[PDB]
Amino acid sequence: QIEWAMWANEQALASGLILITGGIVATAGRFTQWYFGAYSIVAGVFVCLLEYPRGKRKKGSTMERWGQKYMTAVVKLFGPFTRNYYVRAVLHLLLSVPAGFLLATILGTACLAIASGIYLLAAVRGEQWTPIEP
Amino acid sequence: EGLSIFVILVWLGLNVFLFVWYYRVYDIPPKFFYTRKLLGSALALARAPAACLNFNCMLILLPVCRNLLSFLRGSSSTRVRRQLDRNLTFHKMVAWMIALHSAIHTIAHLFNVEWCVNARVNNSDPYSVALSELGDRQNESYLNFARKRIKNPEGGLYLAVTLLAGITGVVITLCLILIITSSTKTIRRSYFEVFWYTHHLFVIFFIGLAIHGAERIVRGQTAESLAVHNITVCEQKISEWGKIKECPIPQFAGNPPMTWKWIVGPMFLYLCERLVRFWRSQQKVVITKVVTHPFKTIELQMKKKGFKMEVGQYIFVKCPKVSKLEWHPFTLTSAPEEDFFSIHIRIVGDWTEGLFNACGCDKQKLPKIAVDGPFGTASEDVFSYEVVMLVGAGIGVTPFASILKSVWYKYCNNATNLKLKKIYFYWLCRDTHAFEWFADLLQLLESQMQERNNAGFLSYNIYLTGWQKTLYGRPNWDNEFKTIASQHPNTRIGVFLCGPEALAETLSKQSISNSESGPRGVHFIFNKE
Ligand SMILES: Cc1cc2nc3c(=O)[nH]c(=O)nc-3n(C[C@H](O)[C@H](O)[C@H](O)COP(=O)(O)OP(=O)(O)OC[C@H]3O[C@@H](n4cnc5c(N)ncnc54)[C@H](O)[C@@H]3O)c2cc1C
Ligand code: HEM
Ligand code: HEM
Ligand SMILES: *[C@@H]1O[C@H](CO)[C@@H](O[C@@H]2O[C@H](CO)[C@@H](O[C@@H]3O[C@H](CO)[C@@H](O)[C@H](O)[C@@H]3O)[C@H](O)[C@H]2NC(C)=O)[C@H](O)[C@H]1NC(C)=O
Ligand SMILES: *[C@@H]1O[C@H](CO)[C@@H](O)[C@H](O)[C@H]1NC(C)=O
Ligand SMILES: *[C@@H]1O[C@H](CO)[C@@H](O)[C@H](O)[C@H]1NC(C)=O
């Protein structure tokens, strides 16, 4: 049937990009409590790294993002933590929670929580992240 | 590209003009002088992208009107036709710009909100806070839209979850990013059901966008106020405003909403188009024959009054019983000249299994269906070239069934109007299991020709990637192009491809190396369906 992991991946990477944008705009503009924006910069960079390599489908031939081979090797190194979708979902939600203290990053938080939800959905289905071997 | 370059350049120039123009409509004039000091330069950087979003949002809905654009194209120079076939590439471009301008707008309104709250809680320069004092009392209009004294960052979160522009901004930002993140090529192609359903948050996006600017919180000094309040004299007398004759307290109003004036027409057009599509769903299509081919493919041969097709075209079929809401697209696999029109449907999933089960193919009445219309780009040109080299890979053979079946009819009907004389067909497939119906067509066209003593017409090879008659491995396109080049000298040949992109580059490269520069020389025009 449908593979929610693909849409969860695409949503999570953009949530990370928006978190980076909101954190950078909080840091540069010296928004009061800019340290939450600084957290958003580091959390968004980490989300983009972790969510850049798309996984391999159960059926068919998948597309790979540009320069994903390097990222896939790193994500493979962490064993089950990247693989499990329960771990990925709880990681995304926990990283989203402190970013919700600033308006510039509230949009990131919501988007990351929407993604962690789709990861949760994929986790219930039995889906996991198997790497795309070359 | 005439039309493509023209439309893209005009659209980009209009965006640049609107941005520059509305940047200076909100930066130069003295009407917005005091706002530009509470908000700084982040006023115009919020309001020029808003004008660009006004224009872009009207544009996004127009090249996706499926039934209205087809009605226009039925009456609307093949060089031209293919440029206007890039309506879904223009939709994507407009949507990406909607994202870009929205991002600029959003970031600017984040500075605005910060600075507005900050001044309200005595955490800014003296002048902005003094300006924030307006609107507390009677007979004075605020300039600062933050009115509760809640310190940042909680003041910013309050304004978003209480201001109408903030609540609608958050809602349609979520409903814009979700559309975008659920519209990557992988979602659009591997999981179409997620793309289509989530793409309907557009109704929410436009509904939030229409009521987005109702509050008029971004306010400028009114014209009558400017007439009595000479700004250059009154700026430094803020501490005594209203108590000196020269400087009455300035009055600020908000601009009336403008976006509804833009998006009213396209939403109406899209609603009329959806009603036209519903009307096509109500129209009669009698399913004369259902043939169950091997490996779960059902050929549905059906008649609908007034259906005219062209080779290569596809239709959308809805079966109300399987899904009231969805139309699934299928290529017309029958000749244009036949009374009936056919589609060959391979059972791969939920709707298709539902049609199969409903039809009764499963068991030892037939469901009501509704065909949307010949859509797609025709491949009528196949007939014009004297020789052709159709190459179909995998599930891409399907378009060629209509074409191949049609050539026979034109040969029988006239035998002179068919300029075509030779067809070389290459089927590159992993296996022939699900497309066995096609092998039978290819055998027949040849058999009919052989009976009619023109055994020369149809030469075909099936090449099995997994590893006349079947062969193993892909064709050596280096060899094939030269061989046909030897047999047919001084002639133009069209290599029509309906297969993967890698194959498409391979053939185009092969075409050009093979095609002779000289006017006498064989040319190998390449068209990719
Ligand atoms: C121009 C065009 C011509 C086509 N011609 C044919 C044809 O001749 N024969 C044929 O069997 N199929 C054809 N298809 C696709 C066919 O409509 C799908 O196989 C069918 O919709 C599957 O529905 P399902 O219930 O099995 O969906 P699922 O099994 O859930 O989907 C399986 C695959 O079908 C795609 N798909 C699902 N719904 C749609 C939709 N509404 N539009 C497009 N793709 C969809 C998905 O991207 C997915 O990869 C064509 C599609 C297009 C765009
Ligand atoms: C940003 C990336 C976007 C992409 C890639 C995209 C892509 C597409 C595609 C391919 C279609 C054709 C649907 C089909 O084949 O059946 C489509 C239809 C449509 N899109 Fe978009 N789109 C995007 C954004 C938007 C936006 C921002 C809006 C408006 C808010 C929008 C509104 C529509 C509408 C109304 C349709 C027609 C739906 C129908 O007729 O069934 N899209 N889009
Ligand atoms: C995400 C946070 C957003 C905030 C805080 C925000 C805030 C605002 C505000 C304060 C206004 C002026 C309202 C008024 O004068 O009454 C406005 C206008 C506007 N915004 Fe937004 N906005 C956001 C997102 C968006 C998005 C995603 C779009 C996408 C189309 C958009 C399009 C517009 C438009 C077109 C206007 C002009 C309204 C008009 O002239 O009638 N905004 N926005
Ligand atoms: C709040 O603002 C309103 C309107 O700006 C003020 O009401 C207006 O006050 C002027 C000054 O007295 C009134 O003009 C007078 O009109 C009478 C006839 O009604 C005329 O005999 C006088 O010579 C003078 O021209 C004006 O009518 C009045 N407007 C209304 C609608 O009553 C109001 O005073 C302000 N409130 C406070 C507390 O200052
Ligand atoms: C605002 O803060 C400044 C800085 O100390 C102070 O001088 C001024 O009196 C304050 N105004 C109010 C209304 O609290
Ligand atoms: C504002 O005051 C200046 C200074 O006297 C004067 O030159 C200008 O004409 C005045 N403008 C208006 C609109 O009254």
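Determination of this PDB entry was carried out by cryo-EM to a resolution of 3.30 Å, according to the record.

### A short note on the coordination of the iron atom of ligand 3
Reference values for angles at a metal are 109.5 degrees in the four-donor tetrahedral case and 90 or 180 degrees in the six-donor octahedral case. Residues and elements named next belong to chain B. Within the protein, the iron atom of ligand 3 binds to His-105 (NE2) and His-212 (NE2); these donor distances fall in the range 2.1 Å. Its six donor atoms give the iron atom of ligand 3 angles of 84 to 177 degrees at the centre, a pattern that matches the octahedral case. Of the two residues, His-105 is situated in helix α6 (residues 87-120) and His-212 in the loop between α12 (202-210) and β1 (219-221); the sequence distance between them amounts to 107 residues. The exposure class assigned to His-212 is buried, which follows from its relative accessible area of 18%.

### Side note on the sheet that holds strand β3 (residues 286-293) of chain B
Residue and element names in this part refer to chain B. Pairing in this open sheet of three strands is antiparallel, and the strands run β3-β4-β7 from one edge to the other. Edge positions in the open sheet fall to β3 and β7 (341-346), since each of these has one partner strand only. Adjacent strand axes in the sheet meet at a mean angle of 20 degrees, parallel and antiparallel pairs treated alike. With six bridges connecting them, β3 and strand β4 (residues 297-303) associate as antiparallel partners. Residue pairing across strands places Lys-289 opposite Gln-301, the latter belonging to β4.

### Things to note about the UniProt feature "binding site: heme b 1" in chain B
All names here are of chain B. Following the UniProt record, the feature "binding site: heme b 1" maps to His-91, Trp-196, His-199, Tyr-270 and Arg-277 here. As for its placement among the helices and strands, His-91 is situated in helix α6. Assessed through its relative accessible area of 16%, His-91 is described here as buried. The residues touching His-91, leaving out its near neighbours within four places in the chain, are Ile-60, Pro-63, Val-64 and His-199. Structurally, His-199 can be placed in the loop between α11 (192-198) and α12. Leaving out residues up to four positions away in the same chain, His-199 has contacts with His-91, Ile-179 and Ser-183.

Each value, and the rule that gives it
Residues numbered from 1 in each chain as written, not as in the entry; some residues may be left out. Chains lettered and ligands numbered in written order. Part of a larger assembly, values for the part shown. Heavy atoms only, no water. Residues with missing side-chain atoms left out of burial classes, pairs and counts. Donors = N, O, S within 2.8 Å, 3.2 Å for Na, K, Ca; no water. Tetrahedral: all angles 85-135°; square planar, octahedral: opposite > 155°, others 65-115°. Helix = DSSP H or I, 4+ residues; strand = E, 2+ residues; numbered from the N terminus. Buried < 20%, exposed > 50% of the residue type's maximum accessible area, 1.4 Å probe, protein only. Pairing = 2+ DSSP bridges. Axes fitted to C-alpha atoms, helices over the stretch in contact; angles between N-to-C directions. UniProt positions renumbered as here; feature names shortened; annotations may be inferred. Contact = heavy atoms within 4.5 Å.

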